[PDB]
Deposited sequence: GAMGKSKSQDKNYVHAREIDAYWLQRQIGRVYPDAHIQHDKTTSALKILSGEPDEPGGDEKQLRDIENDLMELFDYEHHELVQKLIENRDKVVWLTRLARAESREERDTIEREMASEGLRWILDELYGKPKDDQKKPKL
């Protein structure tokens, strides 16, 4: 139908090559234009999305919704749907040295994220 052709099929889709070192910050910055606040929220969002303390999905969602002031739920869900891509590819994009990139790539493979590396590198 016509409505379906007026927007993308999946508003949450983001290809691995799109996630540069500042992709997350730019998504947040559209809602929070202040440089300091958007950077704080980027740091916090990465920590939340990583699920590091063990964290359940319900907890990730709760914390992210509060981070976004109980608004912007579509952005919140987009980030959660892409949590592995956002966390890992942001980290990888920020890694300059051979050793650090290698470490990250091995860790991604160990986490079952070969699919993301295949997307990024072909």
| property | result |
| --- | --- |
| Missing segments of the deposited chain sequence, listed N- to C-terminal | 54-59, 129-139 |
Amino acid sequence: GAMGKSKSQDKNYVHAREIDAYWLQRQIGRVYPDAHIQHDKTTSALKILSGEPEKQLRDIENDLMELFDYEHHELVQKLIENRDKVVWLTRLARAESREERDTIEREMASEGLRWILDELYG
From here on, numbers count along this sequence of modelled residues.
| item | value |
| --- | --- |
| Comparing 58-66 with 24-32, the one whose average Cα B-factor in the PDB entry is higher | 58-66 |
| 102-110 versus 6-14 - which carries the larger mean C-alpha B factor in the record | 6-14 |
| Which of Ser50, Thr43, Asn82, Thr90 ranks first by CA B-factor in the deposited coordinates | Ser50 |
| Where the record places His39 (Cα B-factor, split into thirds across the chain) | middle |
